[PDB]
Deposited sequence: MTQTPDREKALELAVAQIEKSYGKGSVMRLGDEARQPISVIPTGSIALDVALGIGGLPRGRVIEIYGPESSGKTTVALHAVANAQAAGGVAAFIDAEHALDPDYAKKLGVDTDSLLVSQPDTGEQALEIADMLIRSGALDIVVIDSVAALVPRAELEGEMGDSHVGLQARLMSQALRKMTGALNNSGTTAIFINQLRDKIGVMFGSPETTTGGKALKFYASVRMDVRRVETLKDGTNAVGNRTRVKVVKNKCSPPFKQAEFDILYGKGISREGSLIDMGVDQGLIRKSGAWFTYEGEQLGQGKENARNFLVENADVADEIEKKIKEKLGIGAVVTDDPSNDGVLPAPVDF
């Protein structure tokens, strides 16, 4: 472009940035502006796709997809890591599907996990709000949006008529919740299905993640887990529309080790030979699984690889 023109564009981008907050406009090629702390997701691939190395703090987040997609598994990792860094976590549950043992195996401090099973939608969000305004929570997860049924509808239509009262109930709540989240620095993840009040969440959220099962991972001829794909369809902290893939193993969750290998070869830090993954002259293993297993059994070298990937990308 011309220099006389670039002055006015930078002026305009700045006015947008100042008038409506940072992230209001971005070139898709732009670098991510790194926050102090974030909540990692369990996949380095996703952390990278998110730009800022994980989920932002003090913001609303939506993770969505069909049933048995992996959306909750991603949400639970966010919880696990938030706790691992000394944070308190809450789980606002209107579905009653949570598996604590799976959550444990994946990394959650279940004993410490605050859990609430509310009577109504407004109660769910009212409780979340009170839990947030304490300033003691790092992460709160709402499972799920579709289950936030209004009092009136639960009481036999006694008190309302509008079929879209639930959407109105989300809208009101999110307006008040938004201020509480930024002040507190608390992350709120709303889990949502594809198949009630997701229209407001779509605009209030700073990150929206589209989660999908892509392919089954087999052991000879038996189902071990699923190849998962996530597109960041909305991102107010870094350029949107990035996507990542990673493995969710039944009983164990997102393989951090698999995602390190994938991004290892993606960045040329891990080389091939003949189905042989190698690192810094040493060999990790023959085939994808042996390398994965090697990194599990050698956590020190897995961290070397994690460190070596972040530094190369800022993250």
Q: Just jot down which stretches of the deposited chain sequence have no CA coordinates, in the order they come.
A: 1-2, 198-210, 331-350
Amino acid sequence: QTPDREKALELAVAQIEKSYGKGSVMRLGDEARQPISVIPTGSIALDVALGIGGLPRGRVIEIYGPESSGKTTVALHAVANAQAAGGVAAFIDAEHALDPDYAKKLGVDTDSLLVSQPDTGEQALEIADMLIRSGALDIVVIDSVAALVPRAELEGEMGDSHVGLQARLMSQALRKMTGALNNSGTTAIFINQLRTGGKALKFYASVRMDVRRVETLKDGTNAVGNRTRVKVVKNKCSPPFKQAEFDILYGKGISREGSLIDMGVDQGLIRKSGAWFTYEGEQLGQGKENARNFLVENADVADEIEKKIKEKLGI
From here on, numbers count along this sequence of modelled residues.
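Take the two forms, find the largest set of C-alpha atoms that superpose within 1.5 Å, and that set is the rigid core.
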Q | Rigid core superposition result in 9 other deposited structures of this protein, more deviant of 149-157, 206-214 by Cα | A | 149-157
Q: Taking the root mean square of C-alpha distances over all structures and residues in 9 other deposited structures of this protein, with a rigid core superposition, name the larger of 272-280 and 60-68.
A: 272-280
Q | Other entries modelling both neighbours but not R168, at least a third | A | no
Q. Checking the other PDB entries with both flanking residues built, is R195 absent in a third or more?
A. yes
Q: Would you tell me which stretch averages the higher CA B-factor in the PDB entry, 232-240 or 170-178?
A: 170-178
**Q.** Stretch with the higher entry mean CA B-factor, where the candidates are 65-73 and 272-280
**A.** 272-280
Q: Would you mind checking which of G86, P100, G121, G225 has the top Cα temperature factor in the PDB entry?
A: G225
(Q) Just the C-alpha B-factor column, please: which of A128, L165, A205, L113 has the biggest number? (A) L165
Q | Lowest, middle or highest third - CA B-factor, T41 | A | lowest
Q. If you rank every modelled residue in this chain by C-alpha B factor, which third holds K104: lowest, middle or highest?
A. middle
Q. Comparing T186 with the other modelled residues of its chain, is its CA B-factor in the lowest, middle or highest third?
A. lowest
Q: Taking the chain's C-alpha temperature factors as the reference, tell me which third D47 falls into: lowest, middle or highest.
A: lowest
Q. By the record's CA B-factor, is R195 among the lowest, middle or highest third of residues in the chain?
A. highest
